[PDB]
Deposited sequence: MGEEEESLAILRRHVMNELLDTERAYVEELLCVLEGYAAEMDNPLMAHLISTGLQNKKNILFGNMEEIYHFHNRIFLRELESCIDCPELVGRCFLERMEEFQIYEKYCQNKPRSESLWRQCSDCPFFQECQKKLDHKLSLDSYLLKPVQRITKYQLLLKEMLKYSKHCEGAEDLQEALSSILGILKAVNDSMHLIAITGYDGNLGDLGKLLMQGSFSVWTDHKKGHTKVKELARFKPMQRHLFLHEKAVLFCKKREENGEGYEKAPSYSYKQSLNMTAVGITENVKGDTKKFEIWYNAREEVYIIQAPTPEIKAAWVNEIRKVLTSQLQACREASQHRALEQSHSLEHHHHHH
């Protein structure tokens, strides 16, 4: 019957979840001892300089913190669902906070990437690899936390597909959304730390809600970009919207990723929004001060327009409930 096979498929997803999880924990430990700990091993000191030894934290980031979480907590809780696989959604839900540690890891990854580029040919690694008997270099292992965090939604989506009629279909959908939310937040923060020239602290701007590149037109009142749109990268914050100009950077890898030169900033308390614009369902206007300053945003798709409109309105709605 159908109920039959779906429970079989729920079983498969639960298995891959537990297997890949154990492997993930093993692989991390494998690197934390076969490389990171070996950096403080006297018998190896003759293959490693003092500089590299100090950069250990840049190279590994908070891998250890991550390993303890999965080894001491998450793998243990996933196993407790071996019996009721539809309830795995609750594990993520009760640990959404602990997953925040992945932001620190991803934000530091490009720093590690740059370092690895300068120290990969170092004798130490070639030696640790040999000892460990790995056909792959430390670089393949250092990406695992990023690869793992970005597989959980896939797995939860698979579990949810086979649990439409189970007593946990709702917790699964919530968990899926929660992970997707953490992944979006982490990805947004990557762009944020690439902003340059900001006069002040970004932290007190409130939470970063959205970011993206758009073609922007202006239509201000009285004393450029009225016909030929300008290309800005926006950052929607609880307190303000930042306008940045993509600055092209050159280098080897992630160094190629652009930076964002801070240009202007609209304080949300004076921001207003026009959802519908004549002639383009993909445009929406973010105006300032009684509309004496109007910015027409060219959303690449309806979904993006909607997300931004929605986020702006939530913020504007809070402002209201707070201004009284």
Stretches with no C-alpha position, numbering per deposited sequence from 1: 1 to 2, 226 to 231, 333 to 353
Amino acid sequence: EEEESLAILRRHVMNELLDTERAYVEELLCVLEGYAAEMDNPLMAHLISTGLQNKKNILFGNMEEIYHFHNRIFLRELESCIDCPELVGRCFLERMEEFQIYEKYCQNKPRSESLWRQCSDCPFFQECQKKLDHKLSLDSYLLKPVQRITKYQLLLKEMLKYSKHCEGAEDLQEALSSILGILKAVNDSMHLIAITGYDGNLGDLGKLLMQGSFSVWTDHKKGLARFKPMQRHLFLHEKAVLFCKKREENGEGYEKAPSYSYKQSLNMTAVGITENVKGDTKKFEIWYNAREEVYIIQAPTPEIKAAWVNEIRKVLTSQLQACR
From here on, numbers count along this sequence of modelled residues.
Per the entry, higher mean C-alpha B factor between 131 to 139 and 157 to 165: 131 to 139
Residue stretch of maximal mean CA temperature factor, 74 to 82 vs 179 to 187: 74 to 82
Per the PDB entry, maximal CA B factor within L59, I66, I273, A299: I273
Third of chain Cα B-factors occupied by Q100: lowest
Assigned third (lowest, middle, highest) for the C-alpha B factor of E255: highest
CA B-factor ranking of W287, expressed as a third of its chain: middle
Among modelled residues of the same chain, the CA temperature factor third for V88: lowest
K221 - Cα temperature factor, lowest/middle/highest third of chain: highest
